[PDB]
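Source file: query-v8.pdb; contents: PDB, C-alpha atoms.
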```pdb
ATOM      1  CA  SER D   7       6.932 -10.059  29.262  1.00  0.00           C
ATOM      2  CA  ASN D   8       8.820 -13.308  28.737  1.00  0.00           C
ATOM      3  CA  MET D   9      11.905 -11.495  27.441  1.00  0.00           C
ATOM      4  CA  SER D  10      12.009  -9.235  30.504  1.00  0.00           C
ATOM      5  CA  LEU D  11      11.763 -12.340  32.684  1.00  0.00           C
ATOM      6  CA  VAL D  12      14.722 -13.855  30.838  1.00  0.00           C
ATOM      7  CA  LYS D  13      16.711 -10.626  31.086  1.00  0.00           C
ATOM      8  CA  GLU D  14      16.167 -10.517  34.841  1.00  0.00           C
ATOM      9  CA  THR D  15      17.195 -14.168  35.144  1.00  0.00           C
ATOM     10  CA  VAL D  16      20.412 -13.666  33.160  1.00  0.00           C
ATOM     11  CA  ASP D  17      21.251 -10.503  35.112  1.00  0.00           C
ATOM     12  CA  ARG D  18      20.811 -12.596  38.253  1.00  0.00           C
ATOM     13  CA  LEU D  19      22.997 -15.395  36.895  1.00  0.00           C
ATOM     14  CA  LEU D  20      25.844 -13.050  35.990  1.00  0.00           C
ATOM     15  CA  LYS D  21      25.765 -10.960  39.192  1.00  0.00           C
ATOM     16  CA  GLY D  22      28.450 -12.000  41.643  1.00  0.00           C
ATOM     17  CA  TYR D  23      29.827 -14.466  39.094  1.00  0.00           C
ATOM     18  CA  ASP D  24      33.561 -14.973  39.634  1.00  0.00           C
ATOM     19  CA  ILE D  25      35.140 -15.863  36.293  1.00  0.00           C
ATOM     20  CA  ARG D  26      38.500 -16.494  37.983  1.00  0.00           C
ATOM     21  CA  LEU D  27      37.138 -19.592  39.739  1.00  0.00           C
ATOM     22  CA  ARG D  28      36.198 -22.836  38.048  1.00  0.00           C
ATOM     23  CA  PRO D  29      32.937 -24.473  39.136  1.00  0.00           C
ATOM     24  CA  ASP D  30      33.531 -26.290  42.429  1.00  0.00           C
ATOM     25  CA  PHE D  31      36.753 -24.389  43.037  1.00  0.00           C
ATOM     26  CA  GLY D  32      37.561 -26.090  46.329  1.00  0.00           C
ATOM     27  CA  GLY D  33      35.768 -29.335  45.599  1.00  0.00           C
ATOM     28  CA  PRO D  34      35.631 -32.297  43.241  1.00  0.00           C
ATOM     29  CA  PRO D  35      36.901 -31.823  39.678  1.00  0.00           C
ATOM     30  CA  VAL D  36      34.498 -30.488  37.071  1.00  0.00           C
ATOM     31  CA  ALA D  37      33.787 -33.071  34.375  1.00  0.00           C
ATOM     32  CA  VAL D  38      33.932 -31.816  30.791  1.00  0.00           C
ATOM     33  CA  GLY D  39      32.593 -33.855  27.877  1.00  0.00           C
ATOM     34  CA  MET D  40      33.839 -33.294  24.338  1.00  0.00           C
ATOM     35  CA  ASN D  41      32.010 -33.711  21.038  1.00  0.00           C
ATOM     36  CA  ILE D  42      33.523 -33.093  17.585  1.00  0.00           C
ATOM     37  CA  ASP D  43      31.851 -32.767  14.191  1.00  0.00           C
ATOM     38  CA  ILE D  44      34.636 -32.874  11.611  1.00  0.00           C
ATOM     39  CA  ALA D  45      33.840 -30.634   8.648  1.00  0.00           C
ATOM     40  CA  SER D  46      36.957 -31.322   6.570  1.00  0.00           C
ATOM     41  CA  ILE D  47      40.585 -32.446   6.609  1.00  0.00           C
ATOM     42  CA  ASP D  48      42.100 -30.182   4.006  1.00  0.00           C
ATOM     43  CA  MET D  49      45.787 -30.440   3.132  1.00  0.00           C
ATOM     44  CA  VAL D  50      47.950 -33.317   4.350  1.00  0.00           C
ATOM     45  CA  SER D  51      51.432 -31.961   3.622  1.00  0.00           C
ATOM     46  CA  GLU D  52      54.501 -34.182   3.481  1.00  0.00           C
TER      47      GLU D  52
ATOM     48  CA  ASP E  10      20.534  20.929  19.057  1.00  0.00           C
ATOM     49  CA  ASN E  11      19.148  18.525  16.451  1.00  0.00           C
ATOM     50  CA  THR E  12      22.154  16.366  17.291  1.00  0.00           C
ATOM     51  CA  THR E  13      21.137  16.593  20.957  1.00  0.00           C
ATOM     52  CA  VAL E  14      17.579  15.407  20.312  1.00  0.00           C
ATOM     53  CA  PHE E  15      18.899  12.573  18.158  1.00  0.00           C
ATOM     54  CA  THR E  16      21.353  11.656  20.925  1.00  0.00           C
ATOM     55  CA  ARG E  17      18.430  11.588  23.347  1.00  0.00           C
ATOM     56  CA  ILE E  18      16.567   9.297  20.937  1.00  0.00           C
ATOM     57  CA  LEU E  19      19.534   6.926  20.677  1.00  0.00           C
ATOM     58  CA  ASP E  20      20.051   6.844  24.446  1.00  0.00           C
ATOM     59  CA  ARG E  21      16.364   6.191  25.107  1.00  0.00           C
ATOM     60  CA  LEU E  22      16.532   3.452  22.469  1.00  0.00           C
ATOM     61  CA  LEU E  23      19.305   1.441  24.172  1.00  0.00           C
ATOM     62  CA  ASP E  24      18.022   1.897  27.731  1.00  0.00           C
ATOM     63  CA  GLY E  25      17.273  -1.495  29.245  1.00  0.00           C
ATOM     64  CA  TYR E  26      18.302  -3.272  26.036  1.00  0.00           C
ATOM     65  CA  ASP E  27      19.820  -6.756  26.319  1.00  0.00           C
ATOM     66  CA  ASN E  28      21.783  -7.584  23.174  1.00  0.00           C
ATOM     67  CA  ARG E  29      22.245 -11.103  24.539  1.00  0.00           C
ATOM     68  CA  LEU E  30      18.580 -11.898  23.785  1.00  0.00           C
ATOM     69  CA  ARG E  31      17.192 -12.186  20.273  1.00  0.00           C
ATOM     70  CA  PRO E  32      13.973 -10.323  19.396  1.00  0.00           C
ATOM     71  CA  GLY E  33      10.981 -12.400  20.469  1.00  0.00           C
ATOM     72  CA  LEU E  34      13.096 -14.723  22.580  1.00  0.00           C
ATOM     73  CA  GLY E  35      10.467 -16.999  24.088  1.00  0.00           C
ATOM     74  CA  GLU E  36       7.326 -16.127  22.153  1.00  0.00           C
ATOM     75  CA  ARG E  37       8.229 -15.917  18.449  1.00  0.00           C
ATOM     76  CA  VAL E  38      10.686 -17.103  15.795  1.00  0.00           C
ATOM     77  CA  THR E  39      13.072 -14.453  14.468  1.00  0.00           C
ATOM     78  CA  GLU E  40      12.901 -14.124  10.681  1.00  0.00           C
ATOM     79  CA  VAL E  41      16.048 -12.823   8.969  1.00  0.00           C
ATOM     80  CA  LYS E  42      15.574 -11.685   5.377  1.00  0.00           C
ATOM     81  CA  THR E  43      18.773 -12.174   3.411  1.00  0.00           C
ATOM     82  CA  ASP E  44      20.252 -10.683   0.255  1.00  0.00           C
ATOM     83  CA  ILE E  45      23.630 -11.094  -1.439  1.00  0.00           C
ATOM     84  CA  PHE E  46      25.322  -8.738  -3.882  1.00  0.00           C
ATOM     85  CA  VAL E  47      28.436 -10.187  -5.521  1.00  0.00           C
ATOM     86  CA  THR E  48      30.840  -7.335  -6.243  1.00  0.00           C
ATOM     87  CA  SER E  49      33.357  -9.825  -7.643  1.00  0.00           C
ATOM     88  CA  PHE E  50      33.674 -13.578  -8.123  1.00  0.00           C
ATOM     89  CA  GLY E  51      37.285 -14.271  -7.235  1.00  0.00           C
ATOM     90  CA  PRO E  52      39.466 -16.896  -8.875  1.00  0.00           C
ATOM     91  CA  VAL E  53      38.899 -20.633  -8.583  1.00  0.00           C
ATOM     92  CA  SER E  54      41.727 -22.671  -7.045  1.00  0.00           C
ATOM     93  CA  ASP E  55      41.648 -26.101  -8.669  1.00  0.00           C
ATOM     94  CA  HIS E  56      44.478 -27.396  -6.486  1.00  0.00           C
ATOM     95  CA  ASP E  57      42.721 -26.401  -3.249  1.00  0.00           C
ATOM     96  CA  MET E  58      39.166 -27.060  -4.518  1.00  0.00           C
ATOM     97  CA  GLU E  59      38.018 -23.622  -3.401  1.00  0.00           C
ATOM     98  CA  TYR E  60      36.910 -20.282  -4.792  1.00  0.00           C
TER      99      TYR E  60
END
```

Would you mind giving the structure from this file in structure tokens?
Amino acid sequence: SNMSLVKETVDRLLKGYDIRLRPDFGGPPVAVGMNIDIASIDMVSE
Amino acid sequence: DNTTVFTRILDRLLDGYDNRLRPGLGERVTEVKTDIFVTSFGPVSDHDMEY
């Protein structure tokens, strides 16, 4: 089944995954791009 | 042991179950039927434009 295929793939991806280490721990910096969708600016308080 | 048989049902039900994947992940669109019951309609804040 497709879902079993996906489950196996995700179990593979998360096995041996070290959350302490950023991608490319000993290498070039990881580039992070930011997007914002502003929903509201509520209460500008003096 | 009716509790035991129901425990066995529940354990067999969650065996090999990935809650990270929605039902019909790659082969179907999940349809969520929705219903709202309003037990109270709180006050309306004119100053904050909220309710």

**Request:** On this file, the ChimeraX specification (/D :<7) & /E gives some set of residues; write that set as a PyMOL selection string.
**Result:** chain E and resi 27+34-35

**Message:** What's the separation between CA of residue 26 in chain E and CA of residue 18 in chain D, in Å to one decimal place?
**Reply:** 15.6 Å

Could you give me the axis-aligned bounding box of range 24-40 of chain D, with 6 Å of padding per side, as centre plus edge lengths in Å to one decimal, as JSON?
```
{"center_x": 35.5, "center_y": -24.4, "center_z": 35.3, "size_x": 17.9, "size_y": 30.9, "size_z": 34.0}
```

**Prompt:** How many Å lie between CA of residue 23 in chain E and CA of residue 14 in chain D, rounded to one decimal?
**Reply:** 16.3 Å

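The coordinates place CA of residue 19 in chain D at 17.5 Å from CA of residue 31 in chain D.
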
Would you mind listing what lies within 12 Å of range 34-47 of chain D as a compact mmCIF listing (two decimals) with C-alpha atoms, keeping the file's coordinate frame, with all atoms listed in the file counted and same-chain residues fewer than 6 positions away left out?
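As a result, part-v9.txt now contains:
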```
# COMPACT_ATOMS: atom_id res chain seq x y z
CA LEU D 27 37.14 -19.59 39.74
CA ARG D 28 36.20 -22.84 38.05
CA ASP E 57 42.72 -26.40 -3.25
```

**Asked** Excluding same-chain residues fewer than 4 positions from range 41-50 of chain E, what lies within 12 Å of it counting only C-alpha atoms, as a VMD selection string?
**Response** chain E and resid 31 to 32 59 to 60

Please rebuild range 17-30 of chain D with N, CA, C and O atoms and return the result as an mmCIF file, in the frame of the given file.
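After the write, result-v3.cif holds the following:
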```cif
data_model
loop_
_atom_site.group_PDB
_atom_site.id
_atom_site.type_symbol
_atom_site.label_atom_id
_atom_site.label_comp_id
_atom_site.auth_asym_id
_atom_site.auth_seq_id
_atom_site.Cartn_x
_atom_site.Cartn_y
_atom_site.Cartn_z
ATOM 1 N N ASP D 17 20.592 -11.483 34.257
ATOM 2 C CA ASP D 17 21.251 -10.503 35.112
ATOM 3 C C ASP D 17 21.499 -11.070 36.502
ATOM 4 O O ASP D 17 22.502 -10.740 37.146
ATOM 5 N N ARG D 18 20.582 -11.900 36.994
ATOM 6 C CA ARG D 18 20.811 -12.596 38.253
ATOM 7 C C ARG D 18 21.963 -13.585 38.132
ATOM 8 O O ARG D 18 22.838 -13.647 39.002
ATOM 9 N N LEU D 19 21.982 -14.361 37.049
ATOM 10 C CA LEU D 19 22.997 -15.395 36.895
ATOM 11 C C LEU D 19 24.390 -14.793 36.831
ATOM 12 O O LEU D 19 25.345 -15.367 37.362
ATOM 13 N N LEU D 20 24.531 -13.643 36.180
ATOM 14 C CA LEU D 20 25.844 -13.050 35.990
ATOM 15 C C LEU D 20 26.265 -12.105 37.109
ATOM 16 O O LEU D 20 27.416 -11.659 37.109
ATOM 17 N N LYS D 21 25.386 -11.790 38.056
ATOM 18 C CA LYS D 21 25.765 -10.960 39.192
ATOM 19 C C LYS D 21 26.508 -11.788 40.227
ATOM 20 O O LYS D 21 26.052 -12.867 40.618
ATOM 21 N N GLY D 22 27.641 -11.270 40.692
ATOM 22 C CA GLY D 22 28.450 -12.000 41.643
ATOM 23 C C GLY D 22 29.178 -13.186 41.062
ATOM 24 O O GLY D 22 29.757 -13.971 41.818
ATOM 25 N N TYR D 23 29.169 -13.342 39.742
ATOM 26 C CA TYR D 23 29.827 -14.466 39.094
ATOM 27 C C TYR D 23 31.322 -14.196 39.041
ATOM 28 O O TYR D 23 31.753 -13.172 38.501
ATOM 29 N N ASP D 24 32.109 -15.097 39.613
ATOM 30 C CA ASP D 24 33.561 -14.973 39.634
ATOM 31 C C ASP D 24 34.126 -15.823 38.506
ATOM 32 O O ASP D 24 34.142 -17.052 38.594
ATOM 33 N N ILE D 25 34.585 -15.161 37.444
ATOM 34 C CA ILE D 25 35.140 -15.863 36.293
ATOM 35 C C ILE D 25 36.534 -16.401 36.560
ATOM 36 O O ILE D 25 37.026 -17.224 35.781
ATOM 37 N N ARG D 26 37.188 -15.957 37.639
ATOM 38 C CA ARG D 26 38.500 -16.494 37.983
ATOM 39 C C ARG D 26 38.407 -17.934 38.464
ATOM 40 O O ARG D 26 39.366 -18.697 38.313
ATOM 41 N N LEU D 27 37.275 -18.323 39.040
ATOM 42 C CA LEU D 27 37.138 -19.592 39.739
ATOM 43 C C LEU D 27 36.346 -20.578 38.898
ATOM 44 O O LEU D 27 35.236 -20.273 38.455
ATOM 45 N N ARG D 28 36.912 -21.762 38.701
ATOM 46 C CA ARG D 28 36.198 -22.836 38.048
ATOM 47 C C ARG D 28 35.017 -23.266 38.912
ATOM 48 O O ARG D 28 35.009 -23.035 40.122
ATOM 49 N N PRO D 29 33.998 -23.880 38.317
ATOM 50 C CA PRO D 29 32.937 -24.473 39.136
ATOM 51 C C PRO D 29 33.514 -25.488 40.109
ATOM 52 O O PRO D 29 34.379 -26.290 39.757
ATOM 53 N N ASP D 30 33.022 -25.449 41.347
ATOM 54 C CA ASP D 30 33.531 -26.290 42.429
ATOM 55 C C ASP D 30 35.018 -26.034 42.672
ATOM 56 O O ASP D 30 35.844 -26.942 42.628
#
```
